[PDB]
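Virtual Cβ from ideal backbone geometry, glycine too; neighbours counted across all protein chains shown. Each answer follows from the model by the rule given with it, or from the source it names; these are not laboratory values.
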Amino acid sequence: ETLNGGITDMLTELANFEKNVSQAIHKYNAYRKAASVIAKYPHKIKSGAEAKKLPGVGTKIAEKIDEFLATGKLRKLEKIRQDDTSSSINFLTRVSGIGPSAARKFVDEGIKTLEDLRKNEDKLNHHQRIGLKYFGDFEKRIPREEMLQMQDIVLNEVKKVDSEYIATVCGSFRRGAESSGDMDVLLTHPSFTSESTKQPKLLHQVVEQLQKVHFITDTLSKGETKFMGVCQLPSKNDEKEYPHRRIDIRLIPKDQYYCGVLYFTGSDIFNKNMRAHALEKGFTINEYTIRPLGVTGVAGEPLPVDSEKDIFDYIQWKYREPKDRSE
DNA sequence: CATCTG
DNA sequence: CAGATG
Ligand code: NA
Ligand code: NA
Ligand SMILES: [Zn+2]
(Lines give C-alpha, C1' and ligand atoms only; values in the text may rest on other atoms or scores of the structure.)
(Ligands and ions follow the chains in the order given, each with its own letter.)
Protein backbone atom coordinates (compact mmCIF):
# COMPACT_ATOMS: atom_id res chain seq x y z
CA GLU A 1 0.00 0.00 0.00
CA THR A 2 3.09 2.18 0.15
CA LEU A 3 5.81 -0.19 0.59
CA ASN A 4 5.85 -0.77 -3.03
CA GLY A 5 4.07 2.32 -4.30
CA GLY A 6 6.64 3.47 -6.83
CA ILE A 7 6.94 0.04 -8.22
CA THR A 8 3.37 -0.17 -8.66
CA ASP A 9 3.02 3.25 -9.97
CA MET A 10 5.75 3.07 -12.54
CA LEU A 11 4.25 -0.23 -13.72
CA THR A 12 0.89 1.40 -14.07
CA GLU A 13 2.44 4.22 -16.29
CA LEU A 14 4.09 1.59 -18.32
CA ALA A 15 0.95 -0.43 -18.73
CA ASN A 16 -1.12 2.47 -19.72
CA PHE A 17 1.21 3.47 -22.31
CA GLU A 18 1.36 0.11 -23.99
CA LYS A 19 -2.26 0.07 -24.33
CA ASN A 20 -2.95 3.72 -25.38
CA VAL A 21 0.05 4.52 -27.51
CA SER A 22 1.20 1.21 -28.65
CA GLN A 23 -1.26 -1.36 -29.25
CA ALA A 24 0.42 -3.75 -26.68
CA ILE A 25 -2.53 -5.21 -24.85
CA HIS A 26 -0.46 -8.17 -23.81
CA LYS A 27 2.27 -5.99 -22.52
CA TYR A 28 -0.33 -3.92 -21.22
CA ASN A 29 -1.89 -6.79 -19.35
CA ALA A 30 1.65 -7.69 -18.38
CA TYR A 31 2.13 -4.42 -16.47
CA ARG A 32 -1.18 -4.93 -14.87
CA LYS A 33 -0.86 -8.15 -13.08
CA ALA A 34 2.62 -7.36 -12.02
CA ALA A 35 1.42 -4.29 -10.32
CA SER A 36 -1.42 -6.20 -8.80
CA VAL A 37 0.81 -8.89 -7.38
CA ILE A 38 3.56 -6.51 -6.24
CA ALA A 39 0.66 -4.48 -4.85
CA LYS A 40 -0.22 -7.26 -2.39
CA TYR A 41 3.25 -8.31 -1.54
CA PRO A 42 3.88 -7.77 2.06
CA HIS A 43 7.50 -6.80 1.94
CA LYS A 44 9.89 -4.16 0.70
CA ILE A 45 11.09 -5.08 -2.71
CA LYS A 46 14.76 -4.46 -2.33
CA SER A 47 15.67 -5.79 -5.79
CA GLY A 48 14.45 -7.02 -9.08
CA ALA A 49 15.60 -10.58 -8.49
CA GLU A 50 13.45 -10.51 -5.42
CA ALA A 51 10.43 -9.44 -7.37
CA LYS A 52 11.01 -11.85 -10.13
CA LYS A 53 10.35 -14.46 -7.55
CA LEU A 54 6.85 -13.34 -7.90
CA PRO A 55 4.43 -14.49 -10.55
CA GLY A 56 3.56 -12.06 -13.30
CA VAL A 57 7.07 -10.98 -12.80
CA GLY A 58 9.45 -11.94 -15.34
CA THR A 59 12.74 -10.88 -16.69
CA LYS A 60 11.96 -7.48 -18.32
CA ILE A 61 10.08 -6.05 -15.45
CA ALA A 62 12.64 -7.11 -13.09
CA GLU A 63 15.14 -5.17 -15.14
CA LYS A 64 12.93 -2.18 -14.91
CA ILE A 65 12.41 -2.48 -11.19
CA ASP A 66 16.10 -2.64 -10.81
CA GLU A 67 16.86 0.53 -12.70
CA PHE A 68 14.17 2.20 -10.81
CA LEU A 69 15.32 1.01 -7.47
CA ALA A 70 18.88 1.86 -8.40
CA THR A 71 18.15 5.45 -9.79
CA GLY A 72 15.01 7.50 -8.92
CA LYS A 73 13.76 7.15 -12.42
CA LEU A 74 13.32 5.09 -15.53
CA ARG A 75 14.76 5.91 -19.01
CA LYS A 76 11.78 4.58 -20.84
CA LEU A 77 9.43 6.35 -18.52
CA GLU A 78 11.49 9.39 -19.23
CA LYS A 79 11.50 9.10 -22.94
CA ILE A 80 7.61 8.45 -22.92
CA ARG A 81 6.82 11.50 -20.68
CA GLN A 82 8.52 13.74 -23.22
CA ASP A 83 7.38 12.57 -26.58
CA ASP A 84 4.74 14.65 -28.00
CA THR A 85 3.01 11.80 -29.85
CA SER A 86 2.49 9.96 -26.67
CA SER A 87 1.20 13.02 -24.87
CA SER A 88 -1.07 13.84 -27.70
CA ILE A 89 -3.01 10.76 -27.31
CA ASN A 90 -3.18 11.18 -23.59
CA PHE A 91 -4.62 14.52 -24.25
CA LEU A 92 -7.10 14.05 -27.09
CA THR A 93 -8.41 11.18 -25.04
CA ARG A 94 -9.76 13.67 -22.56
CA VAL A 95 -12.46 14.53 -24.99
CA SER A 96 -15.61 12.69 -24.37
CA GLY A 97 -15.88 10.58 -27.41
CA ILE A 98 -12.22 9.94 -28.12
CA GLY A 99 -10.68 6.73 -27.09
CA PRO A 100 -7.25 5.74 -27.97
CA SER A 101 -8.23 4.51 -31.23
CA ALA A 102 -9.50 7.76 -32.41
CA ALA A 103 -6.69 9.59 -30.61
CA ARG A 104 -4.21 7.69 -32.72
CA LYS A 105 -6.00 8.43 -36.02
CA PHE A 106 -6.23 12.06 -35.26
CA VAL A 107 -2.67 12.42 -34.35
CA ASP A 108 -1.55 10.83 -37.35
CA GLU A 109 -3.57 13.22 -39.11
CA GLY A 110 -1.93 15.95 -37.14
CA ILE A 111 -4.65 16.94 -34.73
CA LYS A 112 -2.98 17.15 -31.49
CA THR A 113 -4.76 19.80 -29.72
CA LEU A 114 -7.98 21.49 -28.80
CA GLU A 115 -7.87 24.01 -31.59
CA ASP A 116 -6.87 21.33 -34.02
CA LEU A 117 -9.96 19.70 -33.17
CA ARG A 118 -12.05 22.77 -33.44
CA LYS A 119 -10.56 23.38 -36.87
CA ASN A 120 -11.45 19.94 -37.71
CA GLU A 121 -14.92 19.71 -36.43
CA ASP A 122 -15.90 18.00 -39.64
CA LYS A 123 -13.85 15.02 -38.66
CA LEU A 124 -15.57 14.58 -35.33
CA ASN A 125 -18.90 12.86 -34.77
CA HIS A 126 -21.83 13.94 -32.62
CA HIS A 127 -20.59 12.57 -29.21
CA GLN A 128 -17.12 13.99 -29.99
CA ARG A 129 -18.56 17.23 -31.01
CA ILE A 130 -20.40 17.56 -27.79
CA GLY A 131 -17.34 16.49 -25.87
CA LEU A 132 -15.26 19.18 -27.54
CA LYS A 133 -17.90 21.80 -27.01
CA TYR A 134 -17.97 21.21 -23.34
CA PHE A 135 -14.48 20.06 -22.63
CA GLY A 136 -14.16 22.41 -19.80
CA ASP A 137 -17.62 21.91 -18.12
CA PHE A 138 -17.00 18.22 -18.45
CA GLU A 139 -13.88 18.25 -16.38
CA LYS A 140 -15.55 20.19 -13.60
CA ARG A 141 -16.59 18.29 -10.62
CA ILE A 142 -20.22 18.53 -9.49
CA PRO A 143 -20.68 20.05 -6.13
CA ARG A 144 -23.41 18.29 -4.12
CA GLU A 145 -25.09 21.60 -3.58
CA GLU A 146 -25.80 21.50 -7.35
CA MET A 147 -26.54 17.78 -7.30
CA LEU A 148 -29.54 18.49 -4.83
CA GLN A 149 -30.93 21.10 -7.16
CA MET A 150 -30.53 18.56 -10.00
CA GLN A 151 -32.15 15.71 -8.29
CA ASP A 152 -34.81 18.05 -7.29
CA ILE A 153 -35.76 18.73 -10.77
CA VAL A 154 -35.47 15.29 -12.20
CA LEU A 155 -37.60 13.74 -9.50
CA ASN A 156 -40.34 16.24 -9.91
CA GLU A 157 -40.68 15.80 -13.53
CA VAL A 158 -40.57 12.05 -13.41
CA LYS A 159 -43.43 12.23 -11.01
CA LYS A 160 -45.57 14.48 -13.16
CA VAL A 161 -45.22 12.17 -16.15
CA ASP A 162 -46.25 9.06 -14.21
CA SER A 163 -46.81 8.66 -10.50
CA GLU A 164 -45.66 5.17 -10.86
CA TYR A 165 -42.21 6.10 -11.76
CA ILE A 166 -39.44 5.19 -9.47
CA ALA A 167 -36.29 7.20 -9.71
CA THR A 168 -33.12 6.99 -7.83
CA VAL A 169 -29.88 8.85 -8.01
CA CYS A 170 -27.18 6.48 -7.41
CA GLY A 171 -23.49 7.13 -7.34
CA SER A 172 -21.53 8.55 -4.37
CA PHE A 173 -24.05 11.42 -4.32
CA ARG A 174 -25.93 8.69 -2.59
CA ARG A 175 -23.07 7.48 -0.29
CA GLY A 176 -22.98 11.15 0.88
CA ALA A 177 -20.09 12.70 -1.29
CA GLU A 178 -19.61 16.44 -1.35
CA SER A 179 -19.12 16.44 -5.03
CA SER A 180 -19.43 14.18 -7.97
CA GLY A 181 -18.39 13.69 -11.54
CA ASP A 182 -21.82 13.07 -13.26
CA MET A 183 -25.48 12.37 -12.47
CA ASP A 184 -26.65 8.63 -12.58
CA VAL A 185 -30.34 8.12 -12.43
CA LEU A 186 -31.77 4.53 -11.90
CA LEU A 187 -35.18 4.25 -13.37
CA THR A 188 -38.12 1.82 -13.21
CA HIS A 189 -41.80 1.44 -13.47
CA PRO A 190 -44.16 -1.24 -12.27
CA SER A 191 -45.35 -2.06 -15.69
CA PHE A 192 -41.76 -3.06 -16.63
CA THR A 193 -40.03 -6.15 -15.73
CA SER A 194 -37.88 -9.17 -16.37
CA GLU A 195 -40.47 -10.82 -18.60
CA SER A 196 -42.78 -7.94 -19.48
CA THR A 197 -41.95 -7.35 -23.02
CA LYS A 198 -40.37 -4.00 -23.32
CA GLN A 199 -41.72 -0.53 -23.05
CA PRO A 200 -39.39 2.01 -24.76
CA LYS A 201 -41.86 4.75 -24.26
CA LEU A 202 -41.21 4.07 -20.62
CA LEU A 203 -37.76 5.78 -20.88
CA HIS A 204 -38.41 8.07 -23.95
CA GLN A 205 -41.15 9.80 -22.18
CA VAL A 206 -39.19 11.19 -19.32
CA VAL A 207 -36.22 12.17 -21.37
CA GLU A 208 -38.61 14.07 -23.35
CA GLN A 209 -40.07 15.82 -20.37
CA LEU A 210 -36.69 16.77 -19.19
CA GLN A 211 -35.87 18.40 -22.47
CA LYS A 212 -39.21 19.99 -22.48
CA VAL A 213 -38.32 22.03 -19.50
CA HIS A 214 -34.73 22.35 -20.78
CA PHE A 215 -33.06 20.41 -18.24
CA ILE A 216 -31.54 18.14 -20.73
CA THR A 217 -29.53 19.97 -23.29
CA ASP A 218 -28.18 17.42 -25.71
CA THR A 219 -28.23 13.72 -26.35
CA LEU A 220 -24.99 11.70 -26.38
CA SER A 221 -26.70 8.39 -26.99
CA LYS A 222 -30.33 7.36 -26.83
CA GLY A 223 -31.27 3.62 -26.73
CA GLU A 224 -34.36 1.88 -25.41
CA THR A 225 -33.12 1.50 -21.96
CA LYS A 226 -30.12 3.69 -21.61
CA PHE A 227 -29.89 7.30 -22.29
CA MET A 228 -26.52 9.20 -22.24
CA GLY A 229 -26.88 12.94 -22.25
CA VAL A 230 -26.15 16.51 -21.02
CA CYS A 231 -28.19 18.63 -18.63
CA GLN A 232 -28.01 22.00 -16.98
CA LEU A 233 -29.50 23.85 -14.13
CA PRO A 234 -31.30 26.85 -15.51
CA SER A 235 -29.32 29.91 -14.95
CA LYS A 236 -31.22 31.94 -12.37
CA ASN A 237 -31.16 35.65 -12.88
CA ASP A 238 -28.46 36.07 -15.60
CA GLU A 239 -24.88 36.61 -14.40
CA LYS A 240 -24.07 33.06 -13.50
CA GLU A 241 -24.99 30.16 -15.79
CA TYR A 242 -24.05 26.67 -14.74
CA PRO A 243 -21.68 24.31 -16.26
CA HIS A 244 -23.03 21.64 -18.53
CA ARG A 245 -23.19 18.31 -16.80
CA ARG A 246 -22.97 14.71 -17.89
CA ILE A 247 -26.09 12.73 -17.13
CA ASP A 248 -27.34 9.22 -17.45
CA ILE A 249 -30.67 7.68 -17.27
CA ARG A 250 -31.41 4.06 -17.38
CA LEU A 251 -34.52 1.86 -17.43
CA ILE A 252 -34.62 -1.16 -15.20
CA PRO A 253 -37.31 -3.86 -14.89
CA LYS A 254 -38.91 -3.38 -11.59
CA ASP A 255 -38.01 -6.90 -10.62
CA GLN A 256 -34.28 -6.03 -10.18
CA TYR A 257 -34.14 -2.39 -9.19
CA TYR A 258 -32.77 -2.64 -5.67
CA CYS A 259 -29.91 -4.94 -6.76
CA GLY A 260 -29.09 -2.27 -9.30
CA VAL A 261 -29.66 0.51 -6.90
CA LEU A 262 -27.68 -1.38 -4.54
CA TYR A 263 -24.82 -2.10 -6.76
CA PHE A 264 -24.52 1.31 -8.54
CA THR A 265 -24.50 2.97 -5.09
CA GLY A 266 -21.17 1.21 -4.33
CA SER A 267 -18.52 1.74 -3.18
CA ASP A 268 -16.66 -0.98 -5.12
CA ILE A 269 -15.28 -2.19 -1.74
CA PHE A 270 -18.61 -2.29 0.01
CA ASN A 271 -19.82 -4.29 -2.90
CA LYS A 272 -17.10 -6.75 -2.78
CA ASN A 273 -17.46 -7.24 0.91
CA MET A 274 -21.20 -7.58 0.65
CA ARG A 275 -20.54 -9.84 -2.23
CA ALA A 276 -18.22 -12.05 -0.30
CA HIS A 277 -20.44 -12.19 2.80
CA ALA A 278 -23.52 -13.26 0.75
CA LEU A 279 -21.45 -16.11 -0.57
CA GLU A 280 -20.77 -17.13 2.95
CA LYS A 281 -24.42 -16.71 3.97
CA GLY A 282 -25.11 -19.22 1.09
CA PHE A 283 -25.78 -16.68 -1.72
CA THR A 284 -24.98 -14.97 -4.88
CA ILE A 285 -25.18 -11.33 -5.78
CA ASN A 286 -24.85 -9.42 -8.95
CA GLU A 287 -25.88 -6.29 -10.69
CA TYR A 288 -29.46 -7.58 -11.18
CA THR A 289 -30.27 -10.11 -8.49
CA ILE A 290 -29.56 -12.34 -5.51
CA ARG A 291 -29.86 -16.11 -5.71
CA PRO A 292 -29.55 -18.99 -3.21
CA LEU A 293 -26.46 -21.09 -3.60
CA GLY A 294 -26.86 -24.80 -4.24
CA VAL A 295 -24.07 -27.01 -2.89
CA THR A 296 -23.44 -29.04 -6.19
CA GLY A 297 -21.01 -26.38 -6.96
CA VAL A 298 -23.48 -23.64 -7.75
CA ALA A 299 -27.20 -23.10 -8.40
CA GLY A 300 -29.75 -20.50 -9.63
CA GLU A 301 -33.16 -19.00 -8.74
CA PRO A 302 -33.89 -15.24 -8.12
CA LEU A 303 -34.87 -14.38 -4.64
CA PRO A 304 -37.42 -11.63 -4.47
CA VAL A 305 -36.49 -8.09 -3.44
CA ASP A 306 -38.71 -5.05 -2.60
CA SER A 307 -36.01 -2.92 -1.02
CA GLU A 308 -32.31 -2.73 -0.35
CA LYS A 309 -33.66 -4.20 2.93
CA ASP A 310 -34.72 -7.46 1.42
CA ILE A 311 -31.21 -7.91 0.18
CA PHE A 312 -29.31 -7.40 3.53
CA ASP A 313 -31.75 -9.57 5.42
CA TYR A 314 -31.10 -12.37 2.96
CA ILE A 315 -27.45 -12.47 3.65
CA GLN A 316 -28.45 -11.64 7.15
CA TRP A 317 -26.61 -8.33 7.63
CA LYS A 318 -26.89 -4.94 9.26
CA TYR A 319 -28.80 -2.48 7.02
CA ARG A 320 -26.36 -0.05 5.68
CA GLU A 321 -27.31 3.58 5.46
CA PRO A 322 -25.83 4.64 2.27
CA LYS A 323 -23.53 7.06 3.88
CA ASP A 324 -21.73 4.18 5.49
CA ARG A 325 -21.64 2.04 2.45
CA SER A 326 -18.13 3.14 1.99
CA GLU A 327 -16.00 0.07 2.61
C1' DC B 1 -23.05 -3.93 -21.59
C1' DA B 2 -25.69 -0.77 -24.73
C1' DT B 3 -25.19 2.26 -28.36
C1' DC B 4 -23.15 4.39 -32.50
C1' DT B 5 -20.61 4.60 -36.72
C1' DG B 6 -19.43 3.40 -41.12
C1' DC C 1 -21.39 -6.69 -39.34
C1' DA C 2 -16.86 -5.42 -36.22
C1' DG C 3 -15.02 -2.35 -33.46
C1' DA C 4 -15.25 1.86 -30.56
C1' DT C 5 -16.48 4.51 -26.33
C1' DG C 6 -18.58 5.25 -21.98
NA1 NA D 1 -12.13 10.18 -24.35
NA1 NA E 1 -10.61 -9.59 -34.72
ZN1 LIG F 1 10.40 -8.60 4.44
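Can you tell me which residue is nearest to DNA strand C (Cβ to nearest atom) among those in segment A:53-80 that are surrounded by 12 or more Cβ atoms within 10 Å (Cβ to Cβ) and not in a helix (DSSP H, G or I)?
By that ranking, first place goes to A:56.
May I ask you to verify whether residue A:176 is outside the structural domain of residue A:131 (by CATH) and either acidic (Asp, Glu) or within 22 Å of residue A:130 (Cβ to Cβ) (or both)?
No; evaluated as a whole, the condition is false for this residue.
So which residues in segment A:162-183 are among the polar types (S, T, N, Q), more than 14 Å from residue A:150 (Cα to Cα) and outside any loop (DSSP other than H, G, I, E, B)?
A:172
Would you check if residue A:242 is away from DNA strand B (no atom under 16 Å from the Cβ), surrounded by fewer than 21 Cβ atoms within 10 Å (Cβ to Cβ), hydroxyl-bearing (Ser, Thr, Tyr) and not assigned by CATH to the domain that holds residue A:306?
For residue A:242, the condition - away from DNA strand B (no atom under 16 Å from the Cβ), surrounded by fewer than 21 Cβ atoms within 10 Å (Cβ to Cβ), hydroxyl-bearing (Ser, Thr, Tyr) and not assigned by CATH to the domain that holds residue A:306 - is met.
Inspect segment A:81-90 for any residue being outside the structural domain of residue A:9 (by CATH), crowded, with 18+ Cβ neighbours inside 10 Å and within 23 Å of residue A:10 (Cα to Cα) and give the result as yes or no.
Yes; the residues of segment A:81-90 include at least one that is outside the structural domain of residue A:9 (by CATH), crowded, with 18+ Cβ neighbours inside 10 Å and within 23 Å of residue A:10 (Cα to Cα).
Determine whether residue A:37 is within 25 Å of residue A:105 (Cα to Cα) and either within 16 Å of ligand 3 (Cβ to nearest atom) or under 24 Å from the mean Cα position of the chain (by Cα) (or both).
no
Checking the conditions here, which among A:326, A:235, A:307 is in contact (Cβ under 8 Å) with a residue 60 or more places away in the chain and surrounded by fewer than 18 Cβ atoms within 10 Å (Cβ to Cβ)?
A:326
Can you find even one residue in segment A:317-324 that is assigned to a loop (DSSP other than H, G, I, E, B) and either touching a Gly at 6+ places or on another chain (Cβ under 7 Å) or at positive phi (or both)?
Within segment A:317-324, none of the residues are assigned to a loop (DSSP other than H, G, I, E, B) and either touching a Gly at 6+ places or on another chain (Cβ under 7 Å) or at positive phi (or both).
So that you can scan it fast, the table gives a plain yes or no per residue for (1) within 16 Å of ligand 1 (Cβ to nearest atom); (2) over 21 Å from the mean Cα position of the chain (by Cα):
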site	(1), (2)
A:189	no, yes
A:192	no, yes
A:199	no, yes
A:202	no, yes
A:209	no, yes
A:212	no, yes
A:220	yes, no
A:224	no, no
A:227	no, no
